[PDB]
Structures are given as C-alpha cells and as structure tokens.
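Each chain, written out:
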Amino acid sequence: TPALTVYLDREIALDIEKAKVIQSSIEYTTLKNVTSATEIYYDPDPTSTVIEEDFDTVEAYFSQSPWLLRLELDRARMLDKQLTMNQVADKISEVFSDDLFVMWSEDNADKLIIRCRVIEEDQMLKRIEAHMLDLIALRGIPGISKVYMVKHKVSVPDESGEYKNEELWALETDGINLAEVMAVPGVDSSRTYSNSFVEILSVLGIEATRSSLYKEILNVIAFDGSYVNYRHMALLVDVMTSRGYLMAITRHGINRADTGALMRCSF
Amino acid sequence: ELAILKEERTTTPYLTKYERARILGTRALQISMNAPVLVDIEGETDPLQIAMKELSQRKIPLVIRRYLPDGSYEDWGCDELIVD
Amino acid sequence: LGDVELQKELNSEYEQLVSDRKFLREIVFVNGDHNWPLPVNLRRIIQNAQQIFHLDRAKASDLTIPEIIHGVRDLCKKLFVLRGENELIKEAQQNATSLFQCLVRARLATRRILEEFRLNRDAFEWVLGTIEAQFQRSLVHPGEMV
Amino acid sequence: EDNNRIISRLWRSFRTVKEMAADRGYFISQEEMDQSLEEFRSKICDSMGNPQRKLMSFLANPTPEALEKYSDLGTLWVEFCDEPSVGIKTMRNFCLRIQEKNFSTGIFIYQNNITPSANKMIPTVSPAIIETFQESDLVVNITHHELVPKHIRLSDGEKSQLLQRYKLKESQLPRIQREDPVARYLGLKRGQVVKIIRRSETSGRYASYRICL
Amino acid sequence: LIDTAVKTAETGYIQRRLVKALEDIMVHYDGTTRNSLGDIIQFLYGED
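Residues numbered from 1 in each chain as written, not as in the entry; some residues may be left out. Chains lettered and ligands numbered in written order. Part of a larger assembly, values for the part shown. Heavy atoms only, no water.

Structure determination for this PDB entry was carried out by cryo-EM, with a resolution of 4.0 Å recorded in the header.

So, in structure tokens, the structure goes:
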C-alpha cells in the first residue's frame, strides 16, 4: 500500500477549485483511460473514406499505403479530465512525429474518432495500436495511479498567540514518485511525505529516512491505542540506520554486519 | 596508562544499582565464609543483611574498577561513592 | 515599588521565559501539544512542600525576588547529566537538559511562586534540594542492556 | 506553454545550485540568490526564449570565514552541459578547461544522462575534484524540507577534538554513504565528519555526528 | 480462533528476530550507546 501525503501551498490549501486543478495535473491519466474502442479499418482511399461513421467528419476535415488505424474515445472520461480531444491528437502526433497522419472529429461528433494512417503490415498495425494503448501518457507524473482530495485539520497559533484549528485541503495519493511530485509547481516541496522510506533514503538523505521510519513505527503501534515510550522506537530506528543504509532485520542484513562470527552464527 | 588519575575522574559519582548488587553479593559471600567483619553486629545472622548494614555505613573495602568503552579504566573506592 | 535593579532582573527573567516559549513553540512542538513525558513531578514536589510547612493562609512571604531568580538560575546549571569540562561536554550537557530546564523555568516563575504557592524561604530551599536529588536519581544506569 | 515551464524549471535549478554553492562556503552576491524569474529570463533566455546554458555557467570563490575555517576550500566552477548526453569528448574538453583554469573544484550539470565510459575517467582529474548532477535532481533543494535537519561540515581540528572527546576510532562513528543526496549537496568526501542538530521530543535539541565514506 | 493461532507464531518470530538484533546494545559509562564492537548508535541514550 504505497501512498503519498501531498501538502499544498498556503493559499491553495484553503482553495478547493485550485486543488481540483492540481489534482487533474498530477493524475497520471493515459489514453487507454479515455480511449473507449479500437478498430483497424482498411480504408482503401488515402484521400477519402468508405466508413460512414466519420464520412461527413473526414470530408469536412479535408478542406502511401492505404492502411488506416481507427479508434474511439470516451467523451465522458475525457470531459472528466477536462482535456479536449485536440490535446490528445497532438500528443499522439508529436510522439511519433507523423508516422500516422492524425485526424480528429468534432466536439459534437457522436464518436470522438482519431484516424491514423500508416504512410507484412496487418500485424504491424495491431502491434502499433497495442503500443499506443500502453506507452502514451496524456498527463500526470508516472507511477501515480490515483489522487485523493483530503481535508486536513491542523493546529496553528493565532494573532493573539492562541492556537486555533484550521481546516485545510491536502492531497493523498497512491503509488510513489517522490522526486517528481515534490517538484510540481503549486505544491509545498518542503513538506511532501511518502510512506515508503526507501524512497526517503534515495531522495531526502539518511536522517529524513530515520525520522520517517520512526513516524511509521509510531503510527503502527499507536493505532490500536497502545503507547510505547519514545526512547525505545528511537533506539530501534537508530540501530536500523546506523551504518548509513537501511539494514533490514533479517538474516541477510544482520549477518552481513561485521560483528563476531560466533554472534552471527547463533542467529 | 589505562588508569585515570583521581583528579580527572569523570564518571557519575553515584552508585549504580548493578554495582550495588555486585558489591552486596561479594561482601556477603566473603563474610559468609569466615572473613573479618568491619562493623559491629547486634542480632542479625544472615550474611547478606550484614552486607547491607555494612554498606549503609560506608565501611566496605572494595574498589570498583569501571572499564570505559575504549579499554581505559578508572577506579573508585566504595567509601567515596554516593549511595542513594 | 518603584525599583529598577529588581526591574532589570525581572525583565531578564521574563526575557528568558519569552525566549523559551518562542524556542519550544517554533522548534520542538510545532503542533502546540504541551503534554510530554519528563522526569521529576513538579506539582507533587510543590504540594509536598506546601503540606510539610503548612503554607496555607495568606501569610506574607519572606522570600526576596533576587533570591528566587538566583536560585532558579543556579539550579539550571546544576542538573548534571555529563560530568566533564570539555567544551563539547558542556555543550552536550546544555543541549540535553534544555527541555527540562525550560519546564523548570516555566513552573518556578516569580509570580507563580509568590502568589499561587507562597513558599517561605525554607520551603523554596527544600524544593530546590528535592528537585536536584530526584533528577539525579532519574538517570539511566551504566550497563543497562537497553 | 511548455517553454514557460521549462524556463521555470531551469531557473529553479539555477537558484538551487546557487544556494548549494553558498552553503558550501563560497560567496555569492545578495542580488544573485534573489534573482527573480524574469530578470533571469532576460539574462539567459534568447529572443526565441530557448535556454542558454553556456551563458549561465559562472565562477565562485570561498568566503574569508569559510576560507580560514576550511583551508582546502579552493576556487569553484559551475558549468551547464549543452549536450543532452555527456560523452568522452565532452568530459575531456571540460577537464582540459578545468585544468588550464586551475580550479580546485568543478560542478557539471547535464540534462538526460551520461555515458558510463565517460564517467569512468571522472576520478582521473586529480588533484582537481569534479562532481556531476542532473538538472531534475536540483529542481528542489532538499535541505529545505522539514524532515532533513541542518548538516554542518567540520574542520579537521573539530574532528580530532571530537574523537578525543569520545576516545573513538575513525570507523566507530555512524556512517553516511558518500552518494547520500545531502552528502553530494555538501560535496562530502572520505574521512569527513558532519554535525547534525536534530529536533528532539525528550530533550528538544540533539546534536548528532556522522562520518562519511 | 484461526486468527489467534496464526498470529501468535508470527509475533513470536518477530520477537525473536528483534531480540537477536538488539541483544548487545549496552549503555556505557560515558553515556554513549554502543554495540559489541564499540560502534556508537546514540551519543546519549534517548537523548536524555
């Protein structure tokens, strides 16, 4: 269960619509999410079409190997991600230059259809289609499956020095990509937190990993309502990260230490 | 070389519980096997009771040798350690 | 009334308290939680002092303010954790008891002592002695297989 | 558009590296660090707004305080690679420029990646020291994050005094990997010792040392 | 019942691993916290 705790900037954290905008930006949405159906139509004429589904569309749009690739896009999800089909058609074009001529229907079009024309071929076309369905990224940081809109409560000193709770908005997500999300504009890069401490070691050095590991252990233990004196968790985490790298508690890490042979053999 | 001179002795002056137990055990063992008694006894027959009575008066001829992690060591006389 | 040396001493004390408040509230406990495990009850020690010397009634104290401030400050410098004269040793010693010293100052403030507790001279001195002894008794023991 | 964000990222990286150099002990003019986005744009962005990496490579020198604190703090040179990938020729010309310039330290910044063959000769530019960073890595200064406390490198005298204080050996201290993000940020090396003052919930302030490798 | 039966064994195993990890840490006279080799883990046990 990887997850991130994305804290927004001061003025955004108190705004909902900017938060939705940032969510949309971060969300790693791919064409397959918005894509609905795919069909390989051999359109014999590179100049016109024998398909009545986009016949009027292609004819209005107009003003090599005849192989054509045809696909259907779901209006509902695309509007849900508030991205127009022109952006998708562009991204498709600029990912393979113009290997397949790209055409797009209209907003009113009953089918948001893109025509891709290759300029043995049958299997090549389906391979390229399967590659489109996977490798093309419309938006968002890779690795983030979904983003949640969470409201946080935080204590804060007041003008009189008194402490007042303060409802704040924040984003908690799934999947892990720390270096990227931390760099996204409009996100506090000093408070982003991840629940996978190896990432912390990779990115935020060693001490950050130490504190995060303590936080994880404390969160686990205190969950049921139990409470354990701090010094114990401190000693444990410090032992784990004494040698500058995560020393897991198993035979591998422990025996890889340089203690006496007798001590390690007994384990 | 390994010993530390009396003037710069830095360890805690108090007597740790573990030192307390070791000293009591050693003294009681000694007394209980025909050793001199440095303090008067009224009616107490148990060697270990005698040991705590002796300690309470600070009359024990034992020097604790504390080993520092490096290997160097300092020595304290049981007469000079503050017992709670 | 209308003194100045008392005023400067007490301004120094108040400045120390303000510095402590800012330090804690900014560095240590950002969320503001003010309940944390620490050695030596102070409430219990103070109320033991009160009971022992029968500090009831509204009897006027005979405890000069400079006595109070000097005693508190001196106590802050006697809570030994490491016994050595190395610069590093002194710095570490100061770092270690920082929070506890902050608490001690927060409690043994002049207004509080002279109004809410109303200790005499003997009671205050005995309180200082007990605080010292209890703290020195609340340290980890060398050799503990922690 | 994409140009706008690209320029923003490049400027953020520039500020990151400037603060990095400053903290390492070198001086930089006050006007430099606070250099705003648009003045930087005018200074570097061309008519077509494309980045000018050559136009932003600059030189720095130690401050007198650091200089007397760390006698090894020699001149420092930063340079941004124009090539998306770094090869043998690229490092060769860079090393020649460093050597003829007699720069004690050099920092190289690239865009995509470096070929391992070129990376092999990096440690053969002695006695000069060369370090490399990826632009993405410098988009956000790590040392500004909450969880990371403040690391302070130590003089040799301080380290000797510390070992004397704890009567330690060099190896007995806690170790930090040489490629630990903070360690690279500080330009650590072998045998150097940092000092960390950490927020503590039982004392308030805990001072911890770590030796590098 | 099944839950208790399974959980007990895994918790016992974790206990054994932990103990065999931290069985040599000892608070030395200097106030440091060092394992068998003398390597220092904390400069002051619990920082207090």
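Visitor: Got a minute to help me understand a nonpolar patch on the surface in this structure?
Guide: Residues and elements named next belong to chain A. Side chains of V220, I221 and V228 sit close together on the surface and give an oily, nonpolar patch of about 230 Å² of accessible area. By the element assignment, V228 lies in the loop between α10 (207-223) and α11 (230-240). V228 gets classed as partly exposed once you look at its relative accessible area, which sits at 31%. (Patch = residues over 30% accessible without salt bridge, like charges linked within 9 Å, V, L, I, M, F, W, Y side chains within 5 Å. Areas by Shrake-Rupley, 256 points an atom, 1.4 Å probe, with all protein chains shown as cover. Salt bridge = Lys/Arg side-chain N within 4 Å of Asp/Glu carboxyl O. Helix = DSSP H or I, 4+ residues; strand = E, 2+ residues; numbered from the N terminus. Buried < 20%, exposed > 50% of the residue type's maximum accessible area, 1.4 Å probe, protein only.)

Visitor: What exactly am I supposed to notice about the interface of chain A and chain D here?
Guide: By a widespread convention, an interface's size corresponds to the accessible area lost as its parts come together. At the junction of the two partners, chain A supplies 26 residues and chain D supplies 23 residues. Summing the contributions of chain A and of chain D, the shared interface buries around 2100 Å²; its carbon and sulfur component is 54%. Considering only the surface of chain A that becomes buried against chain D, A:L204, A:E207 and A:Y230 emerge as the three largest contributors, covering 26% of it. The interface formed by chain A and chain D holds 3 salt bridges in total. Taking the shortest distance from any N to any O, the salt bridge between A:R191 and D:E146 comes out at 3.0 Å. (Contact = heavy atoms within 4.5 Å. Buried area = accessible area lost by both parts, 1.4 Å probe.)

Visitor: Explain the sheet that holds strand β8 (residues 147-157) of chain A to me, please; I cannot follow it from the model alone.
Guide: Two pairing modes exist for strands in a sheet, parallel and antiparallel, and in both the strands are linked by backbone hydrogen bonds. All names here are of chain A. The sheet built from 4 strands is open, its strands ordered β8-β9-β1-β10 with antiparallel pairing. Since the sheet does not close on itself, it has two edges, and those belong to β8 and β10 (193-194), each with one partner. In the sheet, strand β1 (residues 3-6) pairs with β10 via 2 bridges, with the strands oriented antiparallel. When the bridges of β10 are listed, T5 appears paired with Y193. The strands touched by helix α2 (residues 17-26) within the sheet are β8 and β9 (163-174), with β8 carrying the most contacts at an inclination of about 130°. (Pairing = 2+ DSSP bridges. Axes fitted to C-alpha atoms, helices over the stretch in contact; angles between N-to-C directions.)

Visitor: Would you mind going over the interface of chain E and chain A with me for this structure?
Guide: Across the contact, 19 residues belong to chain E and 18 residues belong to chain A. Summed over both partners, the interface of chain E with chain A comes to about 1600 Å²; 61% of that surface belongs to carbon and sulfur atoms. Looking only at chain E, the three residues that lose the most surface to chain A are E:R17, E:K20 and E:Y45, adding up to 29% of its buried area. For the interface between chain E and chain A, the tally reads 2 salt bridges. Put simply, E:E47 and A:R210 hold a salt bridge, and the shortest N to O gap is 3.7 Å. At the surface where chain E touches chain A, the tally comes to 6 residue pairs in polar contact. When residues of the side of chain E that touches chain A are traced back to their parent elements, those giving at least two are α1 (2-21) and β3 (40-42) of chain E. Per element, the largest residue contribution to the side of chain E that touches chain A is 5 residues, and it comes from α1(E). Each residue belonging to the side of chain E that touches chain A can be placed in one class, and the counts come to 8 nonpolar, 4 polar and 7 charged. (Polar contact = N/O pair within 3.5 Å; in protein donor to acceptor, adjacent residues only side chain to side chain. Nonpolar A, V, L, I, M, F, W, Y, C, P; charged D, E, K, R; others polar.)

Visitor: I tried to follow the arrangement of the chains on my own but got confused; where do I start?
Guide: Looking across the 9 pairs of chains in contact, one finds the most contacts between chains A and D. With no contact formed, the shortest span from any C-alpha in chain A to any C-alpha in chain B equals 16 Å.

Visitor: Honestly, the sheet that holds strand β4 (residues 68-73) of chain A in this entry has me stumped. Any pointers?
Guide: Residue and element names in this part refer to chain A. The sheet built from 4 strands is open, its strands ordered β3-β4-β6-β5 with antiparallel pairing. Every other strand in the sheet has two partners, leaving β3 (35-39) and β5 (100-104) as the edge strands with one partner each. The mean inter-strand angle of the sheet, taken between neighbouring strand axes irrespective of direction, is 20°. Here 5 bridges tie β5 to strand β6 (residues 112-118), and the two strands are oriented antiparallel to one another. Of the residues in β6, the one forming a bridge with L100 is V118. Across the sheet, helix α4 (residues 55-62) touches β5 and β6, and the angle it forms with β5 is around 105°.

Visitor: Looking at this structure, how should I read the side chain of D:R12?
Guide: Summarising the element assignment, D:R12 is placed in helix α1 (residues 2-24). No salt bridge forms around the buried D:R12; measuring N to O, its nearest opposite-charge neighbour A:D9 is 9.0 Å away. Separated by 3.0 Å, the side chain of D:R12 and the backbone oxygen of A:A183 make a polar contact. Other than its neighbours up to four places away in sequence, D:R12 contacts A:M182, A:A183, A:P185, D:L138, D:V139 and D:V140. (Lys, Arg positive; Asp, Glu negative; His and termini not counted.)

Visitor: What's the story with the nonpolar core in this structure? I'm lost.
Guide: Where a protein is soluble and globular, its nonpolar side chains tend to be buried together. Membership of the largest hydrophobic core comes to 28 residues, with the highest contact counts inside it found for C:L108, C:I113, C:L119, C:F124 and C:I131. Elements with a contribution of two residues or more to this core: α2 (43-53), α3 (65-76), α4 (87-96), α5 (98-107), α6 (110-117) and α7 (121-137) of chain C. Those residues within four positions of C:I131 in sequence are excluded, and the remaining contacts are C:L42, C:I45, C:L75 and C:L108. D:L76, D:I107, D:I109 and D:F133 belong to the second largest nonpolar core, which has 26 residues in total. (Core = buried A, V, L, I, M, F, W, Y, C linked by side-chain atoms within 4.5 Å.)

Visitor: In this structure, what is going on with the pattern of salt bridges? I would like to understand it.
Guide: Pairing is possible between side chains of opposite charge, provided their charged atoms come close. By the definition in use, this model includes 44 salt bridges over all chains. Taking the shortest distance from any N to any O, the salt bridge between A:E11 and A:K18 comes out at 2.7 Å. The partly exposed category is assigned to A:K18, whose relative accessible area is 39%. Two residues, D:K54 and D:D82, come together in a salt bridge whose shortest N-O distance is 2.5 Å. One end of the pair, D:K54, is in the loop between α3 (37-44) and β1 (59-60); the other, D:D82, is in the loop between β2 (76-80) and β3 (85-86), with 28 residues separating them in the sequence. Taking the relative accessible area as the measure of exposure, D:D82 reaches 34% and is therefore partly exposed. Residues participating in the shared-partner salt-bridge network are A:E39, A:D43, A:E53, A:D54, A:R70, A:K111, A:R115 and A:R117.

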